[PDB]
Every structure is written in C-alpha cells, then in structure tokens.
RNA sequence: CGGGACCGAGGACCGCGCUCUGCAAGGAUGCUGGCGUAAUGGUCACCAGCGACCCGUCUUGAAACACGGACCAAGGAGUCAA
C-alpha cells in the first residue's frame, strides 16, 4: 500500500514488542499523513492538554499503519441521501433523510404455551451436586 | 417536545418535606437517593415541589 | 406584580384553563370503572406464581 | 433488610433473527421494591446465564403474597454467606407467619450473629416445614413442644418517658 | 497484679491527627501493594471454585437430589 | 376548552387501555410487556464541588 | 373542611378573566381600643447566652521559626525633566 499526503490513517503496532516501546500513547490513534517514505510515514496527531489541543508529529513504519474508515460512513450517507432524495422527487412522496437515536421499545405480548419459564436459584443445583 | 422543554426554564425546586434518605449519596437500590428510581420520582417531586 | 399559584387560587385556574369548572362539576376525577363481571385469574398463572 | 416483599420476576434475552423466541427465566426475589427486585434479578442473570441488562428485558414483575398469613409456620432457610474466609453454607430455622417475615428475621439474625450484610448473603432456598419432625433446631423444637406454657418473670412496667418522677416504686411482677 | 489498688498510667484512646493520617496512608499503600502483588501473583488459581454443596441438616436434601436427577435425565432425553 | 376536554378524555382512555391490555394478556395466559417510558424528570441533588 | 406562623412590595384607569347588580381577577383593606409621652425608638455603661488567637513583614506550596511594635502629637516615602 502506497500512502499519500492527506490520507487519514490508523496506527496499530502489531506484535508483542511492548517491552521497550518509547511512546505507547500513539497506539490505536488516528492521524493525517504529511510525509511519505518507502518504509516510514509522517503522522500528525492531536493531544488534549486541559482546555487546548497541542499538535504532535510521529514517524511510523508502514507495517503498523492501516488506512482509516472514518469518512466512509459520511460519504456513503451522502450517496444514499442523494439517491433517495432523487427517488422521492421522482415518486412525489416524503422520506426521512435524518438518522435518529434509538427509541424505547413499544408494548408487546409474549406467549407462554411453548416457552414455559424456568425457575432459577442464585446457584445451580447441578453445581451443588 | 424539544421546543416545549427548551421553552420551559429549569425548575428550581425546594428541599423535600420530610427530607432525603438517611445516607443520601448512594444508589436508590442500595438505600440512597442517586440514580434511577423509575416511578418513585413522583414522591420526591411532591416533597420538593 | 405577583405570581399567584393556580392550584391555590381558583380564579387563576379558571383563567389558564376554562375546562376546570366543567371538570369539577362533572367529577371527571371520580369516574367509576366499566361494569361487567370480571373473569377469574387462570389457574396456570397461580401455579406459575407459587412454583418454588 | 427492611419491609421486604417477595417478587416473581420473569425476564428474557432480547429476540434476534437467530433466536426469535428466547427462553424465559423466573426468580423469586426478596426486595423492598420492584426496582431493587429487577436489579437483583439482572445481577443473578449476569452471575449465571451471562445475560446482560442492556441486551435483555423484563417480561413480568408480580408480588407473591402469603397464602395464609394468620397461620403459625416453621421455615427452613438454606443460604450462603460471604466472609473473609470465603463462602459458607448455613441452614437456619425461623418460626414466623410469612416467608417475607422469615426473610427479614433471617437478615436481622445474620447481621446480629455474623455481621453479614445484604450483598454478602445469597438466599438459595426457603421451605415450609410441613411436619413437626422436620424441625431440627432446638430453639424451634422447644417452641413446638406439646402443651407449651410459660410465665413472664421480671416484666418492667411501661412508663411514659415524659413522666420524669414517680411517687411509688414500681413492681416487676405483671 | 495490683491493678485494683494501684493502677498504672492509662492507655489513651484519643487518637492524634498525625497518627490518623499516617495510618490512612499506610492503609492506602497496603491496598495498592496487595493489588500489585495480586496482578503479579504466581499462585495457581482454579477456573471453577470448590462448591461446598447442600447441608446435611437440610430436611429436603434427598428430594432436591431427586429433582436434580429428574432434571438431568430430562436434559439427556431432550439432547 | 374543547382541547382540554379532548386531552382529559385521552388520558383516561390511555390509562384504561393499558389496564385492559394487561388484563387481556393475563386472561389469555401471557404477560403484556408495557412500553418503556418516554419521559424522565431529572433533579440535580449534589453540589458543584469536586 | 379546619388550626398556626411570616410577609402587605406597587399606588387614578387600561389586561387576562370569573361564580357577571359584583368579584378572592395585573401585590391590604375595613372596624375598634389605650396612649399622645420618653409609651415606641435611639445612644452610652454594665450584666447574661452564643461566637471570636495580635497586628504588620519574610519564607516556601504552606505553617512554624524569625524581625518590628511602651504610649501620644507633628513630620514621613513611585516626584520632576528630556
């Protein structure tokens, strides 16, 4: 994989080489590529110090760098928003374009005839014996 | 509901008549008054309002 | 000049809600339940309740 | 641990595409209220069936009232309590008129005799001793004895605490 | 001993602030130290704890074992 | 006036509807799981310190 | 439906209203008594209950240590010029 400047990458140092890592803070962090080398890459990371963000730069080998999927959902949602909006304009019917948080469950009825409940104790009697 | 609740100012209640539980800063299921108490919030609303 | 409690002053209740007088006269806070003989609880509910 | 009620709590795993009808689990929980009963029910399922509250639901919460609260009964309680050594089994007996009163007497008894709290006690079984010969403990055996009759020696009279001074020395014979 | 007639100097139960703070710090450092040794504990631990079982003085232990057998035979027949 | 009358009637009907659904499930030998609550009142009972 | 305490802000009318000759509806009025003076009120001294380390400076993160202070009157220290 040939990485390019401006690409957003994830840092995952594979292997159990955590005995002598100088900086374990950037493991699992996501940053922007500014410099490309054959076996190295320059990553811009932002750290939070109290109320402000400080900007740090690291040099990570390509073996610990994978492309990130941060904007995949945004570009995808833009695409079906455009497509369903075109479809809604075609068929003349309103449609929802906004994703919503999970709503509480409604009322429903659970049958008992084939699903008789099992009475449980705080310990299992099979374990007691 | 968003517009109605944001139109409503936050309610400034008084301290409950009869008080809190003896150890106030524990969970409701532990014998305190923090956390979710489900339909038991109505008695606290009567006491504080 | 003075906020008056509508739950203590009936005039503020009638100003904010004209249906309060109709509610009080028709006693809509004391509506009895619908008539009819209630069917008894099924037995299997009782054995499920009292099952050890 | 308070004015306890016994609740039948039935819950289940949330239905999925793989499992459209999950199994239902029923427990008898002695709790002060329904919120505590549901919390203890989910705690026991996390301990046993690995079913979390966030992925499960409560189907039913009901109150189990005593059938005959006016009949004197003997109750045997098999329980486990946690101390600094670890977990221990205990079987105890209580002469009460309801299961909930037996459980409150149990909780007070364990707190008094072993300093065990609510979270350190697990109630495994509460049973009715239907026959007199099923009673094992001597402190219940002496109470279920034939023709039980005893006096009450040295009864201090009940005098109001606001009446500071008395004119005659009280008697402790009635 | 002649404690009744000639008692010695009393042992004060009134704590001092320096002693209370020092004892609290010692308790905190002991908790952190036993947590660290629990993390670096080389002693073998069982995956499943030893369960004591049912007490013998329980009057319905035999019918509980009967319930266990009918449950396990029912499970074996179902499986 | 008419709107308050409608609201009072709706509250009474929704309460009787929940009771009727629970009774129908109990009579048919099942349990009616009520809908989860949609409104929560939250009160801050601890101070602004630490 | 009672029993109790504290409060009376504003000062022609306007408004929302209702039980609509009027009103408990955008903030207290009506009736009555004693006194008309140290009676209310205020100041000073003292007693009583409760509360309350001696100020300034230095130090460090802070206390402590250290330094100054017998009392009073007058004087007494970020000014001017480029």
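Please treat every number below as a calculation from the coordinates, not as lab data. Cβ: placed from backbone, ideal geometry, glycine included. Neighbour counts: every protein chain shown.
Give, as ranges by residue number, the residues of the stretch B:1-34 whose backbone N falls under 16 Å from the point 7 Å along Cα→Cβ of residue F:44.
B:9-15
Give the peptides E:10-23, A:26-39 in descending order of average Cβ contacts within 10 Å, highest first. Walk me through the numbers before you get to the answer.
On the way: E:10-23: 7.9, A:26-39: 13.7.
Result, highest mean Cβ count within 10 Å first: A:26-39, E:10-23.
Using a 10 Å cut-off on Cβ to Cβ distances, tally the other chain neighbours for every residue of D:62-69 and report the average as a whole number.
Values: counts 5, 1, 2, 1, 0, 1, 0, 0.
Counting other chains' Cβ atoms within 10 Å and averaging over D:62-69 gives 1.
Quick one: if you take sqrt(5λ) for each eigenvalue of the C-alpha gyration tensor of the stretch D:29-107, what semi-axes come out, biggest first, whole angstrom? Mind showing how you got there, number by number?
Working: eigenvalues 138, 83, 15 Å².
The equivalent ellipsoid of the stretch D:29-107 has semi-axes of 26, 20, 9 Å.
Given axes a ≥ b ≥ c from the Cα gyration tensor, I'd like to know whether chain F is rounded (a/c under 1.5), prolate (a/b larger than b/c) or oblate.
Working: a/c = 5.54, a/b = 1.45, b/c = 3.83.
Oblate.
To the nearest 500 deg cm²/dmol, what mean residue ellipticity at 222 nm is calculated for chain F from DSSP H runs of n ≥ 4 alone, each contributing -39,500 (n - 2.57), summed and divided by the residues? Please report the intermediate quantities before stating the final value.
Details: 1 runs with 27 residues, N = 50.
That calculation yields -19500 deg cm²/dmol at 222 nm.
How are the alpha carbon pair distances in the stretch D:41-174 distributed across 10 Å bins from zero to the largest one, expressed in percent?
In whole percents, the pair-distance histogram is 9, 25, 27, 21, 11, 5, 1, 0.
Distance from the Cα centre of the stretch D:56-130 to that of the stretch F:1-42, in angstrom?
Measuring centre to centre over Cα atoms gives 36 Å.
Just counting partner chain Cβ atoms within 10 Å, what average do the residues of peptide E:62-70 show around their Cβ? Could the numbers behind the result be given before it?
Values: counts 0, 0, 6, 3, 0, 2, 5, 1, 0.
Mean partner shielding for this stretch: 2.
Going by average Cβ neighbours within 10 Å, how do the peptides E:34-40, C:44-50 rank, with the highest at the top?
Numbers: E:34-40: 9.1, C:44-50: 13.6.
Descending mean neighbour count gives C:44-50, E:34-40.
Suppose a student asked you for the relative contact order of the stretch A:39-129, using Cα pairs under 8 Å spaced at least 6 residues apart; what percent would you report? Mind dumping the intermediate values first?
Values: 41 pairs, mean separation 13.7, N = 91.
Relative contact order here is 15 percent.
Please state the relative contact order of chain B as a whole percent: Cα pairs under 8 Å, 6+ residues apart?
Details: 39 pairs, mean separation 17.0, N = 49.
Once divided by the residue count of chain B, the mean separation gives 35 percent.
What whole-number distance in Å separates the alpha-carbon centres of the stretch A:33-104 and chain C?
Here the two parts' Cα centres lie 52 Å apart.
From largest to smallest, what semi-axes in whole angstrom does chain B give when each is the square root of 5 times an eigenvalue of its alpha carbon gyration tensor? Write down the numbers at each step before the final one.
On the way: eigenvalues 116, 38, 16 Å².
Whole-Å semi-axes of the equivalent ellipsoid: 24, 14, 9.
Evaluate the relative contact order of chain D (contact order divided by residue number), counting alpha-carbon pairs under 8 angstrom at least 6 apart; express in whole percent. All intermediate terms of the calculation are to be shown ahead of the outcome.
Values: 241 pairs, mean separation 32.9, N = 174.
Relative CO of chain D lands at 19 percent.
Per residue, how much space in cubic angstrom lies within the convex hull of the C-alpha atoms of chain A? Display every interim value, and only then the final one.
Details: hull volume 48.2 nm³, N = 129.
Dividing the Cα hull volume of chain A by its residue count gives 374 Å³.
Shielding by partners for E:48-59, please: the mean number of other protein chain Cβ atoms within 10 Å of each residue's Cβ. The partial results should precede the final answer.
Working: counts 1, 3, 2, 8, 6, 6, 8, 8, 2, 9, 9, 12.
What the average comes to for E:48-59 is 6.
Using a Förster distance of 41 angstrom, determine the FRET efficiency expected from the C-beta separation of residue D:171 and residue D:3, and round it to 0.05. Show your work: numbers first, answer last.
Numbers: r = 36 Å, r/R0 = 0.89.
In this case the efficiency is close to 0.65.
How many percent of the alpha carbon pairs in chain E exceed a separation of 16 Å? Working shown, then result.
Values: 2447 of 3081 pairs.
When every Cα pair of chain E is considered, 79 percent fall beyond 16 Å.
In whole angstrom, and with the biggest value first, how far do the Cα coordinates of the protein assembly as shown range along each principal axis?
Result, largest extent first: 99, 83, 74 Å.
Can you give the angle from 0 to 90° between the axis of helix A:72-91 and the longest principal axis of chain A, with both taken from C-alpha atoms, to the nearest 10?
60 degrees
Taking a virtual spin label 7 Å from the Cα of residue A:8 along the C-beta vector, which residues in the stretch A:29-64 bring their backbone nitrogen under 15 Å of it?
Counting backbone N atoms under 15 Å from the label point, the list is A:29-34, A:44-46.
Which of the three applies to chain C, rounded, prolate or oblate, going by the alpha-carbon gyration tensor with a ≥ b ≥ c and a/c under 1.5 meaning rounded?
Values: a/c = 7.98, a/b = 2.68, b/c = 2.97.
Oblate is the answer for chain C, as a/c is 1.5 or above yet b/c matches or exceeds a/b.
Just need log10 I(q)/I(0) for the stretch D:1-54 at q = 0.14, 0.16, 0.20, 0.29 Å⁻¹, Debye formula, equal scatterers on the alpha-carbon atoms, no solvent, rounded to two decimals.
Log10 I(q)/I(0), no solvent term: -0.39, -0.50, -0.71, -1.15.
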